[PDB]
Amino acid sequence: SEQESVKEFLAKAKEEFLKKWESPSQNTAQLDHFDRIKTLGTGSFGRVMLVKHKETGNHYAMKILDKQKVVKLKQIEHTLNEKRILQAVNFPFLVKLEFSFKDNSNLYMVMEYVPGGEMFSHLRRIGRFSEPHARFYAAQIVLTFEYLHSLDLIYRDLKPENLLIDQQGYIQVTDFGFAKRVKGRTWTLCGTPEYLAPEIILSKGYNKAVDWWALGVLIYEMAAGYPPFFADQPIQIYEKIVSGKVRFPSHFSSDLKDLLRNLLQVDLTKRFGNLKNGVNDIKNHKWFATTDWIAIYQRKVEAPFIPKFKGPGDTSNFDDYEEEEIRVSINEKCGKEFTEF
């Protein structure tokens, strides 16, 4: 019966998703609706800024992409994927896209501001999470991937840098730059080196099973404090990933190592999340035996910690970044390429 409820929930969620997928929102604000405050993070396409929406006084995180840089990096379709998908999804652990628009120079995605900082920052500072704390975060990713995959979406960039902690201590996934809706296999070389599945590195067709591999990398890094495969040169990271070998800290519980051997499985025909039982091989694993999946979804579980908050618009949980003045050209750049944005 629990499984049928999940089925019915995801069926209704897909009906809502497809309505927005087929009829995406467009041009729902403009730049001078916002006061720009501070850069929260940077990336190859641009930067994410803390902004204040003038008419409501709400704070948001505004992702800014330079259209010319997107084109140079061959990320046009990925960027169209990112916005089309983000404006259509709805889940507790996915950041909410509130507005989007473009101008002569840039694309803008305006998201709910998540004030607690990147999981990356807390994880590096504290060293490692306890297994209960790592389980709390991991359970949210499990449910988020069950949601995304049911919509034929593959996320493809799971890492602590992309997981934000909200004021309740829960996770918000951001950065859908590599998210893709696909029923077949796909082939694009993309992701982050430490998190790449072997079939990506080896240039095979791949599917949603790469997200479950990446979950194994995330859980490992959360509980160990370092990822299962690292080296100073990416090539050496890839050699470790495809080798089939993995070692675990001596403090890893027996259940945690068994779960990770089934997630960090090089053989697609054996990898948890890709078998006949789908995600239920993960949700029913002994390591998750105390996890109340509904309570997690409803945010009724006490969080490991609540991030510090001095006030609204406070960024103390984020690093400082060099500020650059947002310039808008007098001429429209790349209009045809981004016409649907």
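Note that residue numbering follows the sequence shown and begins at 1. Superpose the two forms; the largest set of C-alphas matching within 1.5 Å is the rigid core.
Comparing 39-47 with 293-301 by root mean square Cα distance to the shown form in 8 other deposited structures of this protein, with the rigid core used for the fit, gives 39-47 as the more displaced stretch.
The higher RMS C-alpha distance to the shown form in 8 other deposited structures of this protein, out of 91-99 and 235-243, belongs to 235-243, with every structure fitted on the core.
In this entry, 230-238 has the higher mean Cα B-factor, the comparison being between 230-238 and 217-225. Of the two stretches examined, 94-102 and 251-259, the record assigns the greater average C-alpha temperature factor to 251-259. In this entry, the residue among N284, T39, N58, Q68 with the greatest C-alpha B factor is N284. Remark: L264 belongs to the middle third of its chain, ranked by C-alpha B-factor as recorded.
In this PDB entry, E325 carries a Cα temperature factor that places it within the highest third of its chain's modelled residues. In this PDB entry, the Cα temperature factor of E337 sits in the middle third of its chain's modelled residues. Per the PDB record, residue ranking by Cα B-factor puts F318 in the lowest third of the chain. Per the deposited record, the Cα B-factor of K270 falls in the highest third when ranked against the other modelled residues of its chain.
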